[PDB]
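S.K.: Once you've had a glance at the structure underneath, I'll fire off some questions.
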Amino acid sequence: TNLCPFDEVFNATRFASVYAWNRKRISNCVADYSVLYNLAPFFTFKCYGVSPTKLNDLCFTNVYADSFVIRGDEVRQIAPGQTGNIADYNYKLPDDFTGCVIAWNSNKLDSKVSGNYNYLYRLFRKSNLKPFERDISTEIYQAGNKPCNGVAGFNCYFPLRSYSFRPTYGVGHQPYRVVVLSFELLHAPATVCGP
Amino acid sequence: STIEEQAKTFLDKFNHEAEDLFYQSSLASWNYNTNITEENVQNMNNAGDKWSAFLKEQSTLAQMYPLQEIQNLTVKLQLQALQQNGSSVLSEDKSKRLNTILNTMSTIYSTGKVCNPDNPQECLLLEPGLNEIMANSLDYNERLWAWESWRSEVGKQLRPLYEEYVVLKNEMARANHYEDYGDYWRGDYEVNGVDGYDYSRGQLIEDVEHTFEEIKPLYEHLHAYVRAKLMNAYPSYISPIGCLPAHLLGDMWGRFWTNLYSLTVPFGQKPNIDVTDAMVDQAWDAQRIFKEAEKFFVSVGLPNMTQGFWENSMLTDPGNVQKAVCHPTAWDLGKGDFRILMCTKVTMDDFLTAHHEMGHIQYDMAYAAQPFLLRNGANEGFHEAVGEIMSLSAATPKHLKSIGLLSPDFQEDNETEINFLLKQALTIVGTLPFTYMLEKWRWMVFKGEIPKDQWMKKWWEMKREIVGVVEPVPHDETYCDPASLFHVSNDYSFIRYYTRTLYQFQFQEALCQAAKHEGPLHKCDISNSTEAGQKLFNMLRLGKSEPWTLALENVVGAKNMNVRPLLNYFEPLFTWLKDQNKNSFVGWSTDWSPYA
Ligand SMILES: *[C@@H]1O[C@H](CO)[C@@H](O)[C@H](O)[C@H]1NC(C)=O
Ligand SMILES: *[C@@H]1O[C@H](CO)[C@@H](O)[C@H](O)[C@H]1NC(C)=O
Ligand SMILES: *[C@@H]1O[C@H](CO)[C@@H](O)[C@H](O)[C@H]1NC(C)=O
Ligand SMILES: *[C@@H]1O[C@H](CO)[C@@H](O)[C@H](O)[C@H]1NC(C)=O
Ligand SMILES: [Zn+2]
């Protein structure tokens, strides 16, 4: 009768940057989604593959607990078959993605007057992202026809930008915290069913 | 790689950096505006200087992209906006001299004072002494003294400064691949690279002249009417055939004829439409006014104001300790941060200006998806025209009856309509000749058609020819009367006030062609009409991403500025004036002067 640790993830003091989005592997416990199914302390919940209307009777192999914080208007980009800044340079979801996504406003926490330069996201990239890939590179992006020599100059840019979150943005620019619960199931006994 | 690909990333970086810096500068300016303290001034100066330095450095960096090898219209427009040299092409000594000249001219204009002899202490500034004297006093001698004293105690400090400013600006414009500074200003309407929607920089003068020529008869009739009323006001000072003296046109410079309304009421037995009493009676505050404005804008399909607008904006004078400027303004800080700053009062004028500022906010909100360099109106006349069309729509008696503010027993008759159209014409018609005349004089002075030793001699010639305004006191060449105006001495373009006055009347009727209006054009209202709202939003959402000819065509179906809808609007007053002018003479003689 082990409860999966869903309580300590949602109310953490801080989440990492967009390009350093946090992952947690959860197995061998019991997870009950009926706690948040009919409580409504969040703002947005939507998902694909599994119907939330009492489908926890099935068995899954592992649970991924992806978590990060982004801009509000970019919450649309966390979805299968989507293209954009986040969907090309930060985080790309599979076309047949199965799992749930919960997004809620975090203006009272992540917004500071005169900016909150603590959240980073990639702006320029040399290619696109394969599904479920990580980017922790700090290499200078080359846009011109000359070597960058490791310094910012003509046609040489730093690929990371910081959100300047301040409590006077519009709803689109205000910080939104996103948690993606992915139910990974393969050929396995799949002890993580969540009765 | 391709040069456009080398420029796309540069534009992306510039956008992502300029958004934050512009937000910082705007926030600092807003903090100064809502709270006047020394630390606020220092912070705003620091933020503005940082933003300006970043802009100049980015422009210098961008000047290295060859525009001749780029074909995408949006990228070409953005890089053309970012590649301007500005005044940096001028030499450092010349640039410092120009900045000193501009600062001195502004300081002289905004600091000088006027007082009669034997009163060296009690000397009045421009406001609230000169403006109130001009707009309220009916004494001929006092008005003449105030006019001549303001024009003689200021123009002397402006004439040599203005000559040096003209020389420096002309050489700066010539050094930047322009014929002259007038061409630099006309370059705002220039369109190139688009097939079938092109515009030449020299076509603006031709279009303005054509429009004024076809406007002329209405202005002649209105001038005859105003002249007859003024002659009845002054029994032995205005000739039945002469022009109008410049010191009798309401305000200091005669830009607007609004203050003449009290002397030109057609039917004085019927009071104007003043609804201040109904505003006060029903316990109505600023919040209620803005909710009504929001409902009016919602009724046509445009979105509503967000929560941030309600939380952050300042819709009431703070009073107590805080000191704030009360000039209404719609602030767009960016990143979904919209505000309105105004000292609301319970008056119909505030009711209309609330709709004006809310239209400004809606138009700013419309193109928020465009890149940073294209987040402005198509040209310098669209934005205020969109502002004014909302007030025109909301000022009709039908709308005021649709909000439960007037008694249903009130029935509109022809007398009230004549009064309303005359009041509108005393502001709309009475400023087009002045705007066109001043812009023409400045254009041809920059071009060099007028030698310096003849400047004033030409300036007052058009006053006799175009505007039909005569000089009360003879003037020598040493005077610099045109420089006494606000815009000319602060290096401001002054033609935007012309095209706007036409553009709005093209939009209005177009929207009324989707509202299925039946009857005259002076009573049309776009409320409760989704088609008109969609048609307007189609133009608003484009911003500066397209040539203004396409934006105009997307609404009115025409590819050029036109004035026929203005005459269609003023047809009833035109017919009334034609009927009333059976005995009065239309026209004026230039050689007539009050002092002979
Ligand atoms: C205005 O500024 C002063 C000093 O800068 C400060 O003490 C005061 O709290 C400010 N007012 C508001 C409403 O923030
Ligand atoms: C310019 O590039 C944009 C890509 O953002 C494209 O949508 C547009 O069609 C292009 N226009 C031209 C004229 O190349
Ligand atoms: C002015 O702009 C042109 C290109 O628009 C550029 O070649 C020139 O260097 C600029 N002037 C200065 C002084 O940099
Ligand atoms: C603005 O209009 C939308 C309609 O989509 C509505 O949902 C929202 O509640 C409105 N805003 C307010 C403050 O009522
Ligand atoms: Zn305005």
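Ligands are numbered from 1 in the order shown, residues from 1 within each chain, and chains are lettered A, B, ... in the order they appear in the structure tokens.
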May I have a table of the residues of chain A lying at most 6 Å from chain B, giving each one's closest pair of atoms and their distance in Å to one decimal, counting only C-alpha atoms, ordered by chain and ascending residue number, as a Markdown table?

M.R.:
| residue | atom | partner | partner_atom | distance |
| --- | --- | --- | --- | --- |
| A:143 | CA | B:6 | CA | 6.0 |
| A:169 | CA | B:337 | CA | 5.6 |
| A:170 | CA | B:336 | CA | 3.9 |
| A:173 | CA | B:335 | CA | 6.0 |

S.K.: Only C-alpha atoms, please: the residues just picked out, written as an mmCIF file, in the first residue's frame.

M.R.:
data_model
loop_
_atom_site.group_PDB
_atom_site.id
_atom_site.type_symbol
_atom_site.label_atom_id
_atom_site.label_comp_id
_atom_site.auth_asym_id
_atom_site.auth_seq_id
_atom_site.Cartn_x
_atom_site.Cartn_y
_atom_site.Cartn_z
ATOM 1 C CA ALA A 143 24.870 31.799 -38.242
ATOM 2 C CA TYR A 169 2.639 40.812 -17.543
ATOM 3 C CA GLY A 170 -0.466 39.911 -19.466
ATOM 4 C CA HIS A 173 3.360 36.291 -20.769
#

S.K.: Taking the backbone alone, and naming residues the way the document does, which bits of stretch 4-87 of chain B are helix (DSSP H, G or I) by DSSP, as number ranges by chain?

M.R.: B: 4-34, 38-62, 67-69, 73-82, 86-87

S.K.: So which residues are near ligand 3, meaning at most 8 Å away with only C-alpha atoms and all ligand atoms counted, given back as a PyMOL selection string?

M.R.: chain B and resi 60+63-64+83-85+88-90+176

S.K.: Next, dump the selected residues to file, keeping only N, CA, C and O atoms, as a compact mmCIF listing (two decimals), in the first residue's frame.

M.R.:
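Heads up, here's the output in selection.txt:
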# COMPACT_ATOMS: atom_id res chain seq x y z
N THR B 60 23.79 50.37 -35.87
CA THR B 60 25.13 50.35 -36.46
C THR B 60 25.51 48.94 -36.91
O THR B 60 26.10 48.76 -37.98
N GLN B 63 23.45 47.98 -40.10
CA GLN B 63 23.82 48.68 -41.33
C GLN B 63 24.76 47.87 -42.23
O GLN B 63 25.04 48.31 -43.35
N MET B 64 25.24 46.72 -41.77
CA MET B 64 26.18 45.90 -42.53
C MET B 64 25.49 44.84 -43.37
O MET B 64 26.18 44.01 -43.98
N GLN B 83 17.93 50.01 -40.29
CA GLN B 83 19.17 50.42 -40.93
C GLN B 83 19.32 51.93 -41.07
O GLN B 83 20.30 52.39 -41.66
N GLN B 84 18.37 52.71 -40.55
CA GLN B 84 18.45 54.16 -40.69
C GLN B 84 19.66 54.71 -39.94
O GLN B 84 19.95 54.31 -38.81
N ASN B 85 20.37 55.64 -40.59
CA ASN B 85 21.52 56.27 -39.95
C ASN B 85 21.10 57.31 -38.93
O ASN B 85 21.76 57.47 -37.90
N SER B 88 23.33 60.53 -36.90
CA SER B 88 24.71 60.14 -36.66
C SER B 88 25.61 60.41 -37.86
O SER B 88 26.83 60.54 -37.71
N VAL B 89 25.03 60.51 -39.06
CA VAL B 89 25.82 60.79 -40.25
C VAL B 89 26.45 62.17 -40.17
O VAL B 89 27.51 62.42 -40.75
N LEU B 90 25.81 63.09 -39.45
CA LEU B 90 26.35 64.43 -39.29
C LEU B 90 27.60 64.40 -38.42
O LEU B 90 27.78 63.50 -37.59
N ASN B 176 22.30 61.78 -46.09
CA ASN B 176 21.66 60.49 -45.91
C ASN B 176 20.87 60.06 -47.15
O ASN B 176 19.82 59.42 -47.02

S.K.: Using only C-alpha atoms and all ligand atoms, which of the listed residues (B:548, B:454, B:291, B:507) sits closest to ligand 4?

M.R.: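 Going through B:548, B:454, B:291, B:507 one by one, the smallest distance to ligand 4 is for B:291.
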
S.K.: Please write out the residues within 8 Å of ligand 1 as a ChimeraX atom specification, counting only C-alpha atoms and all ligand atoms.

M.R.: /B:34-40,322

S.K.: Can you tell me which residues surround residue B:414 at a distance of at most 12 Å, considering only C-alpha atoms, apart from same-chain residues fewer than 2 positions away, and format the answer as a ChimeraX atom specification?

M.R.: /B:266-267,270,411-412,416-421,520,522,572-573,576

S.K.: Next, the residues of the selection above should be written as a compact mmCIF listing (two decimals), in the first residue's frame with N, CA, C and O atoms.

M.R.:
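Heads up, here's the output in selection15.txt:
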# COMPACT_ATOMS: atom_id res chain seq x y z
N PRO B 266 -26.36 78.62 -34.87
CA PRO B 266 -27.45 78.85 -35.84
C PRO B 266 -28.78 79.15 -35.18
O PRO B 266 -29.42 80.17 -35.48
N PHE B 267 -29.23 78.28 -34.27
CA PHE B 267 -30.48 78.46 -33.54
C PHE B 267 -30.15 78.49 -32.06
O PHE B 267 -29.98 77.43 -31.43
N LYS B 270 -32.40 76.68 -28.93
CA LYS B 270 -32.37 75.26 -28.61
C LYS B 270 -31.02 74.90 -28.01
O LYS B 270 -29.99 75.03 -28.70
N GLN B 411 -36.87 63.94 -29.10
CA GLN B 411 -36.93 63.66 -30.53
C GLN B 411 -36.03 64.65 -31.26
O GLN B 411 -36.12 65.86 -31.04
N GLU B 412 -35.18 64.13 -32.14
CA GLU B 412 -34.23 64.96 -32.86
C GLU B 412 -34.93 65.69 -34.00
O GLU B 412 -35.71 65.10 -34.75
N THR B 416 -31.28 70.81 -34.26
CA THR B 416 -30.20 70.20 -33.50
C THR B 416 -29.17 69.57 -34.42
O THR B 416 -27.96 69.63 -34.14
N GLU B 417 -29.61 68.97 -35.52
CA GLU B 417 -28.67 68.39 -36.47
C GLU B 417 -27.81 69.47 -37.12
O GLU B 417 -26.60 69.29 -37.30
N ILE B 418 -28.41 70.61 -37.49
CA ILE B 418 -27.63 71.71 -38.05
C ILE B 418 -26.61 72.20 -37.04
O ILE B 418 -25.45 72.46 -37.38
N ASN B 419 -27.03 72.35 -35.77
CA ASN B 419 -26.09 72.79 -34.74
C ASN B 419 -24.93 71.81 -34.58
O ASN B 419 -23.77 72.22 -34.50
N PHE B 420 -25.23 70.51 -34.55
CA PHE B 420 -24.19 69.51 -34.38
C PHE B 420 -23.22 69.50 -35.57
O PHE B 420 -22.00 69.42 -35.38
N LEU B 421 -23.75 69.59 -36.79
CA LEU B 421 -22.87 69.60 -37.96
C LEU B 421 -22.02 70.86 -38.01
O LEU B 421 -20.85 70.81 -38.40
N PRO B 520 -29.09 59.84 -43.52
CA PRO B 520 -27.87 60.65 -43.57
C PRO B 520 -26.70 59.94 -42.90
O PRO B 520 -26.87 58.96 -42.16
N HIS B 522 -24.54 61.51 -40.83
CA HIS B 522 -24.19 62.14 -39.56
C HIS B 522 -24.90 61.51 -38.37
O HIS B 522 -24.76 62.01 -37.25
N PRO B 572 -25.71 68.03 -45.68
CA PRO B 572 -26.81 68.86 -45.13
C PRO B 572 -26.37 70.26 -44.74
O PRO B 572 -27.04 71.25 -45.10
N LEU B 573 -25.25 70.38 -44.02
CA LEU B 573 -24.73 71.70 -43.69
C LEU B 573 -24.30 72.46 -44.93
O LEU B 573 -24.42 73.68 -44.98
N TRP B 576 -27.47 73.89 -46.35
CA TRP B 576 -27.94 74.99 -45.51
C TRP B 576 -27.09 76.24 -45.71
O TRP B 576 -27.62 77.35 -45.78

S.K.: Neighbouring residues of residue B:98 were defined as those with any atom within 12 Å, considering only C-alpha atoms; residues of the same chain fewer than 5 positions away were excluded. Please report them as a ChimeraX atom specification.

M.R.: /B:87-88,90-93,103-105,161-172,491

S.K.: May I ask you to write as a list in words all residues lying at most 10 Å from ligand 2, with only C-alpha atoms and all ligand atoms counted?

M.R.: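 Those residues are residues 4, 8, 70, 71, 72, 73, 74, 75, 76 and 194 of chain B.
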
S.K.: When the cut-off is 8 Å and you count only C-alpha atoms and all ligand atoms, which residues lie near ligand 5, shown as a list in words?

M.R.: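 I would give the residues around ligand 5 as residues 329, 356, 357, 360, 383, 384, 387 and 388 of chain B.
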
S.K.: With the cut-off set at 9 Å and counting only C-alpha atoms and all ligand atoms, tabulate each residue of chain B with an atom at most that distance from an atom of ligand 4, showing the nearest atom pair and its distance in Å to one decimal, ordered by chain and increasing number, as a Markdown table.

M.R.:
| residue | atom | partner | partner_atom_place_in_ligand_line | distance |
| --- | --- | --- | --- | --- |
| B:298 | CA | ligand 4 | 2 (O) | 8.1 |
| B:303 | CA | ligand 4 | 2 (O) | 6.4 |
| B:304 | CA | ligand 4 | 1 (C) | 4.9 |
| B:305 | CA | ligand 4 | 11 (N) | 7.0 |
| B:306 | CA | ligand 4 | 13 (C) | 6.3 |
| B:307 | CA | ligand 4 | 13 (C) | 6.4 |
| B:310 | CA | ligand 4 | 13 (C) | 8.9 |

S.K.: Next, write the just-selected residues to a file, as a PDB file, in the first residue's frame, keeping N, CA and C atoms as the atom set.

M.R.:
ATOM      1  N   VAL B 298     -17.427  45.710 -27.061  1.00  0.00           N
ATOM      2  CA  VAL B 298     -17.778  44.297 -27.152  1.00  0.00           C
ATOM      3  C   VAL B 298     -18.920  44.095 -28.140  1.00  0.00           C
ATOM      4  N   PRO B 303     -12.534  42.189 -28.763  1.00  0.00           N
ATOM      5  CA  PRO B 303     -12.383  41.610 -27.423  1.00  0.00           C
ATOM      6  C   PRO B 303     -12.470  42.667 -26.331  1.00  0.00           C
ATOM      7  N   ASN B 304     -12.485  42.188 -25.091  1.00  0.00           N
ATOM      8  CA  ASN B 304     -12.632  43.028 -23.914  1.00  0.00           C
ATOM      9  C   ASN B 304     -11.303  43.177 -23.180  1.00  0.00           C
ATOM     10  N   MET B 305     -11.236  44.201 -22.332  1.00  0.00           N
ATOM     11  CA  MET B 305     -10.019  44.483 -21.582  1.00  0.00           C
ATOM     12  C   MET B 305      -9.753  43.391 -20.552  1.00  0.00           C
ATOM     13  N   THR B 306      -8.474  43.095 -20.337  1.00  0.00           N
ATOM     14  CA  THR B 306      -8.075  42.036 -19.424  1.00  0.00           C
ATOM     15  C   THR B 306      -8.052  42.540 -17.982  1.00  0.00           C
ATOM     16  N   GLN B 307      -7.741  41.622 -17.062  1.00  0.00           N
ATOM     17  CA  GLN B 307      -7.710  41.966 -15.642  1.00  0.00           C
ATOM     18  C   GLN B 307      -6.551  42.899 -15.319  1.00  0.00           C
ATOM     19  N   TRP B 310      -7.500  46.524 -15.636  1.00  0.00           N
ATOM     20  CA  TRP B 310      -8.287  47.043 -14.523  1.00  0.00           C
ATOM     21  C   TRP B 310      -7.431  47.235 -13.279  1.00  0.00           C
TER      22      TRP B 310
END

S.K.: List as a ChimeraX atom specification the protein and nucleic acid residues near residue B:396, meaning an atom at most 7 Å away when only C-alpha atoms are counted, but skip any in the same chain fewer than 3 places from it.

M.R.: /B:393,399-400,523,525

S.K.: Excluding stretch 247-260 of chain B and residues on its chain fewer than 6 positions from it, collect all residues at most 6 Å away from it, counting only C-alpha atoms, and give them as a list in words.

M.R.: residues 134, 135, 144, 426, 427, 430 and 431 of chain B

S.K.: May I have a table of the residues of stretch 51-161 of chain A lying at most 10 Å from stretch 24-43 of chain A, giving each one's closest pair of atoms and their distance in Å to one decimal, counting only C-alpha atoms, ordered by chain and ascending residue number, as CSV?

M.R.:
residue,atom,partner,partner_atom,distance
A:52,CA,A:37,CA,7.7
A:53,CA,A:37,CA,8.6
A:54,CA,A:34,CA,8.3
A:55,CA,A:33,CA,9.9
A:56,CA,A:32,CA,7.9
A:60,CA,A:27,CA,9.0
A:61,CA,A:27,CA,7.3
A:62,CA,A:27,CA,5.3
A:63,CA,A:26,CA,5.0
A:64,CA,A:25,CA,5.1
A:65,CA,A:24,CA,4.9
A:66,CA,A:24,CA,6.5
A:67,CA,A:24,CA,8.6
A:102,CA,A:42,CA,7.8
A:103,CA,A:43,CA,6.6
A:104,CA,A:43,CA,5.1
A:105,CA,A:43,CA,7.2

S.K.: DSSP on the backbone: which residues in stretch 12-69 of chain A end up as strand (DSSP E)? Give the answer as a PyMOL selection string.

M.R.: chain A and resi 25-26+44-48+62-69

S.K.: Given the selection you just returned, output its residues as a file containing N, CA, C and O atoms, formatted as a PDB file, in the first residue's frame.

M.R.:
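Just written: again23.pdb:
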ATOM      1  N   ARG A  25      11.238   9.088 -12.368  1.00  0.00           N
ATOM      2  CA  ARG A  25      10.795   7.743 -12.707  1.00  0.00           C
ATOM      3  C   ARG A  25      10.109   7.140 -11.489  1.00  0.00           C
ATOM      4  O   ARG A  25      10.711   7.050 -10.414  1.00  0.00           O
ATOM      5  N   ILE A  26       8.856   6.728 -11.657  1.00  0.00           N
ATOM      6  CA  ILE A  26       8.026   6.250 -10.561  1.00  0.00           C
ATOM      7  C   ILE A  26       7.543   4.846 -10.897  1.00  0.00           C
ATOM      8  O   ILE A  26       7.012   4.609 -11.990  1.00  0.00           O
ATOM      9  N   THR A  44      -5.784  24.200 -15.713  1.00  0.00           N
ATOM     10  CA  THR A  44      -5.914  23.468 -16.968  1.00  0.00           C
ATOM     11  C   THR A  44      -5.448  22.031 -16.797  1.00  0.00           C
ATOM     12  O   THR A  44      -4.352  21.787 -16.286  1.00  0.00           O
ATOM     13  N   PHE A  45      -6.280  21.086 -17.234  1.00  0.00           N
ATOM     14  CA  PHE A  45      -5.916  19.676 -17.291  1.00  0.00           C
ATOM     15  C   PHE A  45      -6.461  19.084 -18.579  1.00  0.00           C
ATOM     16  O   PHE A  45      -7.651  19.233 -18.875  1.00  0.00           O
ATOM     17  N   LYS A  46      -5.598  18.415 -19.340  1.00  0.00           N
ATOM     18  CA  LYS A  46      -6.042  17.783 -20.577  1.00  0.00           C
ATOM     19  C   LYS A  46      -5.061  16.680 -20.930  1.00  0.00           C
ATOM     20  O   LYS A  46      -3.894  16.721 -20.527  1.00  0.00           O
ATOM     21  N   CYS A  47      -5.534  15.692 -21.685  1.00  0.00           N
ATOM     22  CA  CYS A  47      -4.632  14.595 -22.009  1.00  0.00           C
ATOM     23  C   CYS A  47      -5.158  13.699 -23.115  1.00  0.00           C
ATOM     24  O   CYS A  47      -6.301  13.819 -23.568  1.00  0.00           O
ATOM     25  N   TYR A  48      -4.288  12.770 -23.523  1.00  0.00           N
ATOM     26  CA  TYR A  48      -4.488  11.932 -24.694  1.00  0.00           C
ATOM     27  C   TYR A  48      -4.140  10.493 -24.346  1.00  0.00           C
ATOM     28  O   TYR A  48      -3.300  10.233 -23.478  1.00  0.00           O
ATOM     29  N   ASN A  62       5.868   2.009 -16.097  1.00  0.00           N
ATOM     30  CA  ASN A  62       6.530   3.079 -15.365  1.00  0.00           C
ATOM     31  C   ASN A  62       5.759   4.377 -15.555  1.00  0.00           C
ATOM     32  O   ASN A  62       4.956   4.519 -16.484  1.00  0.00           O
ATOM     33  N   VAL A  63       6.008   5.332 -14.661  1.00  0.00           N
ATOM     34  CA  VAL A  63       5.394   6.652 -14.736  1.00  0.00           C
ATOM     35  C   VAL A  63       6.504   7.692 -14.799  1.00  0.00           C
ATOM     36  O   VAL A  63       7.381   7.728 -13.928  1.00  0.00           O
ATOM     37  N   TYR A  64       6.466   8.529 -15.829  1.00  0.00           N
ATOM     38  CA  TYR A  64       7.366   9.663 -15.956  1.00  0.00           C
ATOM     39  C   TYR A  64       6.666  10.918 -15.454  1.00  0.00           C
ATOM     40  O   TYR A  64       5.507  11.172 -15.795  1.00  0.00           O
ATOM     41  N   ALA A  65       7.391  11.711 -14.670  1.00  0.00           N
ATOM     42  CA  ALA A  65       6.805  12.845 -13.966  1.00  0.00           C
ATOM     43  C   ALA A  65       7.414  14.157 -14.440  1.00  0.00           C
ATOM     44  O   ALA A  65       7.872  14.963 -13.624  1.00  0.00           O
ATOM     45  N   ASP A  66       7.445  14.357 -15.759  1.00  0.00           N
ATOM     46  CA  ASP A  66       8.100  15.523 -16.338  1.00  0.00           C
ATOM     47  C   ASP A  66       7.531  16.802 -15.738  1.00  0.00           C
ATOM     48  O   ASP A  66       6.325  16.916 -15.522  1.00  0.00           O
ATOM     49  N   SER A  67       8.403  17.764 -15.456  1.00  0.00           N
ATOM     50  CA  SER A  67       7.950  19.005 -14.843  1.00  0.00           C
ATOM     51  C   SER A  67       8.852  20.154 -15.262  1.00  0.00           C
ATOM     52  O   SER A  67      10.077  19.995 -15.340  1.00  0.00           O
ATOM     53  N   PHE A  68       8.236  21.308 -15.523  1.00  0.00           N
ATOM     54  CA  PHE A  68       8.982  22.529 -15.815  1.00  0.00           C
ATOM     55  C   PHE A  68       8.036  23.723 -15.707  1.00  0.00           C
ATOM     56  O   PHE A  68       6.878  23.588 -15.297  1.00  0.00           O
ATOM     57  N   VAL A  69       8.540  24.900 -16.069  1.00  0.00           N
ATOM     58  CA  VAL A  69       7.769  26.137 -16.064  1.00  0.00           C
ATOM     59  C   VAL A  69       8.113  26.919 -17.325  1.00  0.00           C
ATOM     60  O   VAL A  69       9.286  27.018 -17.699  1.00  0.00           O
TER      61      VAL A  69
END

S.K.: Could you list, as a ChimeraX atom specification, every residue within 8 Å of stretch 214-231 of chain B, counting only C-alpha atoms and ignoring same-chain residues fewer than 2 positions away?

M.R.: /B:210-212,233-240,243-244,263-264,429-430,563,567,574,577-578,581,584-587

S.K.: Rounded to one decimal place, report the atom CA of residue B:317-atom CA of residue B:343 distance in Å.

M.R.: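 Atom CA of residue B:317 sits 4.8 Å away from atom CA of residue B:343.
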
S.K.: Check the smallest atom-to-atom distance from each of A:85, A:166, A:125, A:72 to residue A:137 using only C-alpha atoms, then report the winner.

M.R.: A:125

S.K.: Using only C-alpha atoms, find the one residue out of B:475, B:113, B:582, B:535 that sits nearest to residue B:302.

M.R.: B:535

S.K.: Have a look at A:76, A:122, A:14, A:112 and name the one nearest to residue A:164; count only C-alpha atoms.

M.R.: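 So, comparing all the options, the nearest one is A:112.
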
S.K.: Which of these residues is nearest to residue A:130, using only C-alpha atoms: A:81, A:94, A:167, A:194?

M.R.: A:94
